[PDB]
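S.K.: Sharing a structure below in structure tokens format, with a few things to ask.
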Amino acid sequence: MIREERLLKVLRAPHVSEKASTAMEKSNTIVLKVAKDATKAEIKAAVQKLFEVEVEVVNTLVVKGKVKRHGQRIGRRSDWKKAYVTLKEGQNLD
Amino acid sequence: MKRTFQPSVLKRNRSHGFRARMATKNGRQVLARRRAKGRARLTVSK
Amino acid sequence: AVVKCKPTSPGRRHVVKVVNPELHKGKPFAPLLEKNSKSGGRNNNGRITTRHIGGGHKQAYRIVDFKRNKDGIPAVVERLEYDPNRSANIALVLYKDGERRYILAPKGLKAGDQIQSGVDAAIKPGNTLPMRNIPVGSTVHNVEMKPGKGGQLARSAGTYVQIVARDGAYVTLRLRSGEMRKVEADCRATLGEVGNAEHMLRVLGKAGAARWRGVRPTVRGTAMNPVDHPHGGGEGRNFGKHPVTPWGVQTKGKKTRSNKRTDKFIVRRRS
RNA sequence: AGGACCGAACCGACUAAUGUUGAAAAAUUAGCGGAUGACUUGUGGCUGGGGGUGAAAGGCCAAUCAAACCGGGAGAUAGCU
RNA sequence: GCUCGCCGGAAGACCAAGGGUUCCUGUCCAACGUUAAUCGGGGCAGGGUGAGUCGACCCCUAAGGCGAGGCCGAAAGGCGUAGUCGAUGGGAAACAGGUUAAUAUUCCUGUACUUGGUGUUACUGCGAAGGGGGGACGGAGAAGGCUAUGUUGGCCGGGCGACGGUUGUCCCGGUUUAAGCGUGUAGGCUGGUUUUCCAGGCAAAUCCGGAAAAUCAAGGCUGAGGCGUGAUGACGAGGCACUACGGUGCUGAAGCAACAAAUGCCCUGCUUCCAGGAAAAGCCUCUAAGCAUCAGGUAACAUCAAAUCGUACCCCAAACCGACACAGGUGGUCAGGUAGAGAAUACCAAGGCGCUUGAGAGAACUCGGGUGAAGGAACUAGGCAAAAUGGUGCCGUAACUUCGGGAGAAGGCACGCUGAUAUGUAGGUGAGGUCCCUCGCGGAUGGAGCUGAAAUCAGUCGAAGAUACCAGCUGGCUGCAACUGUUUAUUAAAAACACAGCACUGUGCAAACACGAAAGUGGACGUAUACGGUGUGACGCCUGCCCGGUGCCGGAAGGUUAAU
Ligand SMILES: [Mg+2]
Ligand SMILES: [Mg+2]
Ligand SMILES: [Mg+2]
Ligand SMILES: [Mg+2]
Ligand SMILES: [Mg+2]
Ligand SMILES: [Mg+2]
Ligand SMILES: [Mg+2]
Ligand SMILES: [Mg+2]
Ligand SMILES: [Mg+2]
Ligand SMILES: [Mg+2]
Ligand SMILES: [Mg+2]
Ligand SMILES: [Mg+2]
Ligand SMILES: [Mg+2]
Ligand SMILES: [Mg+2]
Ligand SMILES: [Mg+2]
Ligand SMILES: [Mg+2]
Ligand SMILES: [Mg+2]
Ligand SMILES: [Mg+2]
Ligand SMILES: [Mg+2]
Ligand SMILES: [Mg+2]
Ligand SMILES: [Mg+2]
Ligand SMILES: [Mg+2]
Ligand SMILES: [Mg+2]
Ligand SMILES: [Mg+2]
Ligand SMILES: [Mg+2]
Ligand SMILES: [Mg+2]
Ligand SMILES: [Mg+2]
Ligand SMILES: [Mg+2]
Ligand SMILES: [Mg+2]
Ligand SMILES: [Mg+2]
Ligand SMILES: [Mg+2]
Ligand SMILES: [Mg+2]
Ligand SMILES: [Mg+2]
Ligand SMILES: [Mg+2]
Ligand SMILES: [Mg+2]
Ligand SMILES: [Mg+2]
Ligand SMILES: [Mg+2]
Ligand SMILES: [Mg+2]
Ligand SMILES: [Mg+2]
Ligand SMILES: [Mg+2]
Ligand SMILES: [Mg+2]
Ligand SMILES: [Mg+2]
Ligand SMILES: [Mg+2]
Ligand SMILES: [Mg+2]
Ligand SMILES: [Mg+2]
Ligand SMILES: [Mg+2]
Ligand SMILES: [Mg+2]
Ligand SMILES: [Mg+2]
Ligand SMILES: [Mg+2]
Ligand SMILES: [Mg+2]
Ligand SMILES: [Mg+2]
Ligand SMILES: [Mg+2]
Ligand SMILES: [Mg+2]
Ligand SMILES: [Mg+2]
Ligand SMILES: [Mg+2]
Ligand SMILES: [Mg+2]
Ligand SMILES: [Mg+2]
Ligand SMILES: [Mg+2]
Ligand SMILES: [Mg+2]
Ligand SMILES: [Mg+2]
Ligand SMILES: [Mg+2]
Ligand SMILES: [Mg+2]
Ligand SMILES: [Mg+2]
Ligand SMILES: [Mg+2]
Ligand SMILES: [Mg+2]
Ligand SMILES: [Mg+2]
């Protein structure tokens, strides 16, 4: 059993996107911004517990941070992690 | 023409990297000089 | 059989092959093989210690019985094989108990002959018995220097050692160089000359045949600069100096033996 | 069969012209040599400076070599400008 | 958007290395861009990289590195045992179609596969850090069998022609389909099987190896491709409709045969040669201690798991190495048509470009080319450079020679197209059909159909038929070096180095020698038919005299002579 505190610190935010809206309406897949050290089992357990909903599969990818220039000083945004969580058919989420 | 720098990260880190410097006595003196001078990038190693 | 090649090309003009049709035309015996990694003439410091070595064909090592310890048990000779590691051909023998080994092939040895080590062995080419059991005046090879150490003398393709005397614990040998040396009379020796006597009758014909054997080219010393060699230098071809090594040691005639430990074992030097 | 022949890839660099504040701190164009061999190439490794390596030109060792580079002795010394 | 031109064994496509968001969309034009710029690899904002099967990680080791102890060394430290790292190599498994502005063998649809688990059920010798097998290995060459792929025909759909003709022996386009599973073929290798015994494999062994005897010649292993299924599917020319004119939705014909055919596959094969061609694990098996009815083993079934990291984009390039958006350099993979021996070369397809200043004019001069009267090296240091030769087949071909060569010597003839032989031949392929069978992916016979050189004869056209690109100038005397090779990266490619060969000399093995204060290591897991050094430098005929000087070797009677 994965602890509930970790399950509360795994998920960061939902990711709004044209691709996220397409996968949500077609494949019934939500797109989440997750913690960087979070694994697929921790994500599947978190969505299955905190939302009480049935997860079919989780695909993950790491998003590399961009290099920006505030004024003339260079800088780099953070690497973050993105999860495609495919819900089972019939399941629904706000 | 073929110029003298043909990069390879593996050979770069095996030759000039952190653990290659920390392996020997004189390489540890290299890292002590760069810390005293205050280098931002202390070695090659990314 | 030496075969002069027909001159269809320079590099085949002067080639003499040594063709032996009795050698096995197949793979060697796999358990007796091991890896023989090349050196390039470079020691553990990586520097070149011995020059002119490098390249050549990959060579697997053949484990050869020089100690020859299977006493009493007779062995039949299974087949003759090529060894790239040495000038002499090797013989794959099969003991009665089921062990196979490689020995140096003697002159007249062929497939199907019986060999036997030990003291009570007969005296035919192939047997190995101590030289207090060997008659004076016979030609042996694969001769031990110390008892049980393994054979070290007369291992190259056509060599042999004569036994000229025996005084108790020692026998006096006539080595292939002409040196008369005392060896203990308990050291094993193998009867007969070593096989491939016409090995020296080959002619390589071209430079690549030496590069196949891992012999890099030798730059003669006077073709250098004086920083490189003592012979180097000159405006034209000049050699007004005595021939030395690259390290300044006289070569034409100067002796270099400085071992006072083994001087009691040397009866007469070579002439 | 061949350190065989002709000839592309590939490796090299014999001749001429251009260019010489170049397209290029050595190249282009037209020809040229080898092209199954002592061939060539990728990756990784080893050899360290009076030392390496060198089919040997004092050649090469990061566009630097009759003794690399960097830091230090060091503000060497300079009857010389 | 219509035309034109260029590449097309690349100037197309896919990657590794390397770079690191350069990817896509919106917006901006100050700077950057060798001009303008509304554009951009530029600025700004947002979005984008989805894996049990790809790769890494991981199991394994090579060269080599590190190295407990250890040995050695003023110190630092050097070497190295047990070990542990280390790919560029070995090791389980996924294919097709569809889709996004940007990802896909990653998502979706469909169909598979592998390795681990737990759990039952049947069965019952399990067990290794050990033994054995396997993994597991070279070069060259020859065919044969295939496929990728292409061409033609058939088939289906459409068309009937801006200018003479074109319902036909006419034109255009399409004719696609995988992994897996089953079959086990061409072909390659191999004698099987049973029992007994055994100084071997560090002990053991039922395993391997070796001895016997008996029986059976016929069992086994490997194996491309094909065929069947996958697939009543998907894809599919086109249509039918809406249409933000971008698109979105619906529907969907035929989907066959022959020939040619790879540098790819069978092939880690076969033949042959000498220069004699990695290791370890996974995998299979044998037993050791141990366990004794428990553990574990395999067999089926169920269930669970297969994590983590990379995945955008360039990759020959404007994104890599060159200071540049630099005519340079950069490893691997794919390899269409016509002609052609060909991956050369010419023109094209797919696809991608027109090289980030243009517009005129049409001086000298320079650059790169084209042609040239008569002469033809008189130019010049020198035929430098240009020009010329150039292909296939046949005839023919000198001195000399190491008998191989020289030699493609030199020199010369033919070459297009049409018709006939023969409405397309010889040859290749090989169907129907028939027959046989120990029956199939079978064996004969059979010749349909397809493909298809070359030659002779006759005719005909042009100035010219190897018509373009492509593509040897030849010969004579002579010096040097035998040759192939190598060399001054960046003014010297040579007669210089090397070379095979020859000779001298050292070296008896703890070898000489060399690198190392040393331990040690190379020589060499070699042993005088070996190794090192030196000189000469294929081959042929040869290599003469001098030991006084300088070296080296040998001598040990005398003289001299160190520390002590
Ligand atoms: Mg991933
Ligand atoms: Mg040598
Ligand atoms: Mg020599
Ligand atoms: Mg030489
Ligand atoms: Mg010189
Ligand atoms: Mg000197
Ligand atoms: Mg002179
Ligand atoms: Mg003189
Ligand atoms: Mg050749
Ligand atoms: Mg050129
Ligand atoms: Mg050629
Ligand atoms: Mg000089
Ligand atoms: Mg340099
Ligand atoms: Mg120096
Ligand atoms: Mg100096
Ligand atoms: Mg001073
Ligand atoms: Mg000064
Ligand atoms: Mg346009
Ligand atoms: Mg074109
Ligand atoms: Mg081309
Ligand atoms: Mg940017
Ligand atoms: Mg863009
Ligand atoms: Mg403006
Ligand atoms: Mg501008
Ligand atoms: Mg931009
Ligand atoms: Mg692994
Ligand atoms: Mg390992
Ligand atoms: Mg190791
Ligand atoms: Mg220690
Ligand atoms: Mg060590
Ligand atoms: Mg690898
Ligand atoms: Mg893309
Ligand atoms: Mg084993
Ligand atoms: Mg091979
Ligand atoms: Mg086909
Ligand atoms: Mg018309
Ligand atoms: Mg008309
Ligand atoms: Mg058609
Ligand atoms: Mg199938
Ligand atoms: Mg991609
Ligand atoms: Mg490109
Ligand atoms: Mg440009
Ligand atoms: Mg460029
Ligand atoms: Mg082509
Ligand atoms: Mg003009
Ligand atoms: Mg002209
Ligand atoms: Mg004209
Ligand atoms: Mg003229
Ligand atoms: Mg005219
Ligand atoms: Mg004229
Ligand atoms: Mg003249
Ligand atoms: Mg004149
Ligand atoms: Mg000329
Ligand atoms: Mg010309
Ligand atoms: Mg002369
Ligand atoms: Mg020459
Ligand atoms: Mg040459
Ligand atoms: Mg060169
Ligand atoms: Mg030069
Ligand atoms: Mg030159
Ligand atoms: Mg040694
Ligand atoms: Mg000479
Ligand atoms: Mg003489
Ligand atoms: Mg003398
Ligand atoms: Mg003397
Ligand atoms: Mg004296």
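Labels used: A, B, ... for chains in the order of the structure tokens, numbers from 1 for residues in each chain, and numbers from 1 for ligands as shown.
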Neighbouring residues of ligand 52 are defined here as those with any atom at most 12 Å from a ligand atom, counting only C-alpha atoms (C1' of nucleotides) and all ligand atoms; list them as a ChimeraX atom specification.
M.R.: /E:377-381
S.K.: For C-alpha atoms (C1' of nucleotides), I'd like the residues from the last selection saved as a PDB file, in the first residue's frame.
M.R.:
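again-v1.pdb, written as the output of this step:
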ATOM      1  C1'   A E 377      56.893  23.197 -81.476  1.00  0.00           C
ATOM      2  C1'   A E 378      59.809  27.704 -85.434  1.00  0.00           C
ATOM      3  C1'   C E 379      57.271  29.059 -78.519  1.00  0.00           C
ATOM      4  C1'   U E 380      59.841  27.716 -74.174  1.00  0.00           C
ATOM      5  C1'   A E 381      64.613  26.497 -69.193  1.00  0.00           C
TER       6        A E 381
END
S.K.: Would you mind listing the residues within 9 Å of ligand 20, counting only C-alpha atoms (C1' of nucleotides) and all ligand atoms, as JSON, numbers by chain?
M.R.: {"E": [8, 9, 10, 343, 344, 345]}
S.K.: Given the selection you just returned, output its residues as a file containing N, CA, C and O atoms (P, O5', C5', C4', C3', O3' and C1' of nucleotides), formatted as a PDB file, in the first residue's frame.
M.R.:
ATOM      1  P     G E   8      22.821  14.265 -60.135  1.00  0.00           P
ATOM      2  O5'   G E   8      21.684  13.300 -59.606  1.00  0.00           O
ATOM      3  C5'   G E   8      21.783  12.694 -58.332  1.00  0.00           C
ATOM      4  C4'   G E   8      20.444  12.187 -57.889  1.00  0.00           C
ATOM      5  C3'   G E   8      19.848  11.097 -58.758  1.00  0.00           C
ATOM      6  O3'   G E   8      20.302   9.805 -58.407  1.00  0.00           O
ATOM      7  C1'   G E   8      18.251  12.799 -58.396  1.00  0.00           C
ATOM      8  P     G E   9      21.550   9.137 -59.161  1.00  0.00           P
ATOM      9  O5'   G E   9      22.648   9.029 -58.018  1.00  0.00           O
ATOM     10  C5'   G E   9      22.236   9.108 -56.666  1.00  0.00           C
ATOM     11  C4'   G E   9      23.296   8.695 -55.679  1.00  0.00           C
ATOM     12  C3'   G E   9      24.724   8.632 -56.202  1.00  0.00           C
ATOM     13  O3'   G E   9      25.625   9.016 -55.166  1.00  0.00           O
ATOM     14  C1'   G E   9      24.092   6.513 -55.415  1.00  0.00           C
ATOM     15  P     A E  10      26.213  10.511 -55.109  1.00  0.00           P
ATOM     16  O5'   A E  10      24.980  11.424 -54.698  1.00  0.00           O
ATOM     17  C5'   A E  10      24.554  12.452 -55.582  1.00  0.00           C
ATOM     18  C4'   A E  10      23.712  13.507 -54.908  1.00  0.00           C
ATOM     19  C3'   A E  10      23.839  13.600 -53.389  1.00  0.00           C
ATOM     20  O3'   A E  10      23.704  14.962 -53.001  1.00  0.00           O
ATOM     21  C1'   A E  10      21.600  13.263 -53.964  1.00  0.00           C
ATOM     22  P     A E 343      24.265   0.238 -61.478  1.00  0.00           P
ATOM     23  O5'   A E 343      24.986   1.399 -60.669  1.00  0.00           O
ATOM     24  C5'   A E 343      24.265   2.101 -59.667  1.00  0.00           C
ATOM     25  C4'   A E 343      25.129   3.033 -58.861  1.00  0.00           C
ATOM     26  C3'   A E 343      26.516   3.289 -59.425  1.00  0.00           C
ATOM     27  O3'   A E 343      26.915   4.607 -59.068  1.00  0.00           O
ATOM     28  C1'   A E 343      26.723   2.361 -57.296  1.00  0.00           C
ATOM     29  P     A E 344      26.634   5.838 -60.050  1.00  0.00           P
ATOM     30  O5'   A E 344      27.853   5.738 -61.050  1.00  0.00           O
ATOM     31  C5'   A E 344      29.166   5.818 -60.540  1.00  0.00           C
ATOM     32  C4'   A E 344      30.158   6.138 -61.618  1.00  0.00           C
ATOM     33  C3'   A E 344      29.802   7.311 -62.505  1.00  0.00           C
ATOM     34  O3'   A E 344      30.130   8.553 -61.920  1.00  0.00           O
ATOM     35  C1'   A E 344      30.485   5.491 -63.831  1.00  0.00           C
ATOM     36  P     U E 345      29.114   9.788 -62.013  1.00  0.00           P
ATOM     37  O5'   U E 345      28.762   9.886 -63.553  1.00  0.00           O
ATOM     38  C5'   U E 345      29.662  10.513 -64.446  1.00  0.00           C
ATOM     39  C4'   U E 345      29.189  10.412 -65.870  1.00  0.00           C
ATOM     40  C3'   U E 345      27.827  11.024 -66.116  1.00  0.00           C
ATOM     41  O3'   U E 345      27.861  12.426 -66.282  1.00  0.00           O
ATOM     42  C1'   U E 345      27.932   8.899 -67.126  1.00  0.00           C
TER      43        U E 345
END
S.K.: May I have the residues within 10 Å of ligand 6, computed using only C-alpha atoms (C1' of nucleotides) and all ligand atoms, as a ChimeraX atom specification?
M.R.: /C:225-233,246-248
S.K.: Using Å and a single decimal, report how far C1' of residue 353 in chain E sits from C1' of residue 2 in chain E.
M.R.: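 Distance reported for this atom pair: 18.5 Å.
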S.K.: To check your reading of the model: which residues sit at most 12 Å from ligand 62 when counting only C-alpha atoms (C1' of nucleotides) and all ligand atoms? Write the answer as a PyMOL selection string.
M.R.: (chain C and resi 219-223+236-238) or (chain E and resi 481+495-499+535-537)
S.K.: Write out, as a PDB file, in the first residue's frame, the residues just selected, with N, CA and C atoms (P, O5', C5', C4', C3', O3' and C1' of nucleotides).
M.R.:
ATOM      1  N   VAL C 219      64.262   0.309 -39.306  1.00  0.00           N
ATOM      2  CA  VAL C 219      64.992   1.447 -39.839  1.00  0.00           C
ATOM      3  C   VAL C 219      66.439   1.352 -39.390  1.00  0.00           C
ATOM      4  N   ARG C 220      67.352   1.298 -40.348  1.00  0.00           N
ATOM      5  CA  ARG C 220      68.753   1.165 -40.013  1.00  0.00           C
ATOM      6  C   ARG C 220      69.282   2.488 -39.476  1.00  0.00           C
ATOM      7  N   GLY C 221      70.265   2.397 -38.581  1.00  0.00           N
ATOM      8  CA  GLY C 221      70.570   3.513 -37.709  1.00  0.00           C
ATOM      9  C   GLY C 221      71.226   4.696 -38.379  1.00  0.00           C
ATOM     10  N   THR C 222      71.939   4.474 -39.471  1.00  0.00           N
ATOM     11  CA  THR C 222      72.608   5.583 -40.125  1.00  0.00           C
ATOM     12  C   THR C 222      71.665   6.423 -40.962  1.00  0.00           C
ATOM     13  N   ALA C 223      70.423   5.991 -41.119  1.00  0.00           N
ATOM     14  CA  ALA C 223      69.427   6.744 -41.851  1.00  0.00           C
ATOM     15  C   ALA C 223      68.668   7.686 -40.946  1.00  0.00           C
ATOM     16  N   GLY C 236      75.325  13.224 -46.664  1.00  0.00           N
ATOM     17  CA  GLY C 236      75.534  12.148 -47.605  1.00  0.00           C
ATOM     18  C   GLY C 236      75.416  10.839 -46.865  1.00  0.00           C
ATOM     19  N   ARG C 237      76.244   9.861 -47.191  1.00  0.00           N
ATOM     20  CA  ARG C 237      76.305   8.631 -46.417  1.00  0.00           C
ATOM     21  C   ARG C 237      77.635   8.629 -45.679  1.00  0.00           C
ATOM     22  N   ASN C 238      77.584   8.910 -44.383  1.00  0.00           N
ATOM     23  CA  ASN C 238      78.760   8.933 -43.532  1.00  0.00           C
ATOM     24  C   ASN C 238      78.550   8.010 -42.346  1.00  0.00           C
TER      25      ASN C 238
ATOM     26  P     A E 481      71.343   2.517 -58.238  1.00  0.00           P
ATOM     27  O5'   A E 481      69.867   2.233 -57.740  1.00  0.00           O
ATOM     28  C5'   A E 481      69.405   2.810 -56.538  1.00  0.00           C
ATOM     29  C4'   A E 481      67.928   2.615 -56.358  1.00  0.00           C
ATOM     30  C3'   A E 481      67.448   1.182 -56.373  1.00  0.00           C
ATOM     31  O3'   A E 481      67.649   0.500 -55.150  1.00  0.00           O
ATOM     32  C1'   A E 481      66.027   2.499 -57.708  1.00  0.00           C
ATOM     33  P     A E 495      62.506   7.258 -56.907  1.00  0.00           P
ATOM     34  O5'   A E 495      64.084   7.368 -57.043  1.00  0.00           O
ATOM     35  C5'   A E 495      64.893   6.209 -56.971  1.00  0.00           C
ATOM     36  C4'   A E 495      66.313   6.510 -56.580  1.00  0.00           C
ATOM     37  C3'   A E 495      66.495   7.147 -55.205  1.00  0.00           C
ATOM     38  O3'   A E 495      67.671   6.630 -54.592  1.00  0.00           O
ATOM     39  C1'   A E 495      67.515   8.480 -56.831  1.00  0.00           C
ATOM     40  P     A E 496      67.597   5.980 -53.131  1.00  0.00           P
ATOM     41  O5'   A E 496      67.206   7.201 -52.195  1.00  0.00           O
ATOM     42  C5'   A E 496      68.170   7.891 -51.420  1.00  0.00           C
ATOM     43  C4'   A E 496      67.506   8.560 -50.254  1.00  0.00           C
ATOM     44  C3'   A E 496      66.766   7.611 -49.330  1.00  0.00           C
ATOM     45  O3'   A E 496      67.606   7.111 -48.309  1.00  0.00           O
ATOM     46  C1'   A E 496      65.318   9.342 -49.995  1.00  0.00           C
ATOM     47  P     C E 497      67.824   5.535 -48.111  1.00  0.00           P
ATOM     48  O5'   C E 497      66.681   5.103 -47.104  1.00  0.00           O
ATOM     49  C5'   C E 497      66.482   5.811 -45.899  1.00  0.00           C
ATOM     50  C4'   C E 497      65.141   5.504 -45.290  1.00  0.00           C
ATOM     51  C3'   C E 497      64.781   4.033 -45.223  1.00  0.00           C
ATOM     52  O3'   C E 497      65.322   3.371 -44.099  1.00  0.00           O
ATOM     53  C1'   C E 497      62.964   5.245 -46.110  1.00  0.00           C
ATOM     54  P     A E 498      65.845   1.866 -44.245  1.00  0.00           P
ATOM     55  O5'   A E 498      64.510   1.050 -44.461  1.00  0.00           O
ATOM     56  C5'   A E 498      63.537   0.982 -43.440  1.00  0.00           C
ATOM     57  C4'   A E 498      62.253   0.420 -43.975  1.00  0.00           C
ATOM     58  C3'   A E 498      62.362  -0.957 -44.590  1.00  0.00           C
ATOM     59  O3'   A E 498      62.262  -1.994 -43.641  1.00  0.00           O
ATOM     60  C1'   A E 498      61.209   0.471 -46.060  1.00  0.00           C
ATOM     61  P     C E 499      63.286  -3.222 -43.652  1.00  0.00           P
ATOM     62  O5'   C E 499      62.744  -4.093 -44.857  1.00  0.00           O
ATOM     63  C5'   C E 499      61.379  -4.461 -44.895  1.00  0.00           C
ATOM     64  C4'   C E 499      60.955  -4.891 -46.271  1.00  0.00           C
ATOM     65  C3'   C E 499      61.839  -5.936 -46.910  1.00  0.00           C
ATOM     66  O3'   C E 499      61.444  -7.244 -46.576  1.00  0.00           O
ATOM     67  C1'   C E 499      61.427  -4.180 -48.446  1.00  0.00           C
ATOM     68  P     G E 535      72.944   0.570 -39.052  1.00  0.00           P
ATOM     69  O5'   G E 535      73.483  -0.022 -40.421  1.00  0.00           O
ATOM     70  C5'   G E 535      74.756   0.356 -40.896  1.00  0.00           C
ATOM     71  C4'   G E 535      75.396  -0.709 -41.747  1.00  0.00           C
ATOM     72  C3'   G E 535      74.824  -0.909 -43.135  1.00  0.00           C
ATOM     73  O3'   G E 535      75.231   0.071 -44.060  1.00  0.00           O
ATOM     74  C1'   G E 535      75.185  -2.999 -42.137  1.00  0.00           C
ATOM     75  P     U E 536      74.209   0.603 -45.170  1.00  0.00           P
ATOM     76  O5'   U E 536      74.057  -0.619 -46.174  1.00  0.00           O
ATOM     77  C5'   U E 536      75.153  -1.007 -46.980  1.00  0.00           C
ATOM     78  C4'   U E 536      74.945  -2.343 -47.640  1.00  0.00           C
ATOM     79  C3'   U E 536      73.802  -2.435 -48.630  1.00  0.00           C
ATOM     80  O3'   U E 536      74.092  -1.931 -49.913  1.00  0.00           O
ATOM     81  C1'   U E 536      73.738  -4.290 -47.203  1.00  0.00           C
ATOM     82  P     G E 537      72.946  -1.169 -50.729  1.00  0.00           P
ATOM     83  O5'   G E 537      71.852  -2.298 -50.942  1.00  0.00           O
ATOM     84  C5'   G E 537      72.095  -3.401 -51.797  1.00  0.00           C
ATOM     85  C4'   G E 537      71.125  -4.518 -51.532  1.00  0.00           C
ATOM     86  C3'   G E 537      69.821  -4.372 -52.300  1.00  0.00           C
ATOM     87  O3'   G E 537      69.252  -5.634 -52.644  1.00  0.00           O
ATOM     88  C1'   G E 537      69.388  -4.275 -49.988  1.00  0.00           C
TER      89        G E 537
END
S.K.: Which residues sit within 12 Å of ligand 14, counting only C-alpha atoms (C1' of nucleotides) and all ligand atoms, listed as number ranges by chain?
M.R.: D: 48-52, 61, 65-69
S.K.: Deliver the residues from the most recent selection as a file, using C-alpha atoms (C1' of nucleotides), as a PDB file, in the first residue's frame.
M.R.:
ATOM      1  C1'   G D  48      53.961  12.375 -21.631  1.00  0.00           C
ATOM      2  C1'   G D  49      58.174  16.349 -22.687  1.00  0.00           C
ATOM      3  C1'   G D  50      64.954  15.491 -22.820  1.00  0.00           C
ATOM      4  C1'   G D  51      59.848  12.099 -22.659  1.00  0.00           C
ATOM      5  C1'   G D  52      56.517   9.446 -26.259  1.00  0.00           C
ATOM      6  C1'   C D  61      52.597  15.071 -30.012  1.00  0.00           C
ATOM      7  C1'   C D  65      58.294  21.308 -31.746  1.00  0.00           C
ATOM      8  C1'   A D  66      66.529  21.185 -32.949  1.00  0.00           C
ATOM      9  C1'   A D  67      62.742  19.689 -26.959  1.00  0.00           C
ATOM     10  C1'   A D  68      54.696  21.129 -26.307  1.00  0.00           C
ATOM     11  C1'   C D  69      51.339  23.872 -23.179  1.00  0.00           C
TER      12        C D  69
END
S.K.: What does the distance between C1' of residue 26 in chain D and CA of residue 6 in chain B come to in Å, to one decimal place?
M.R.: 20.5 Å
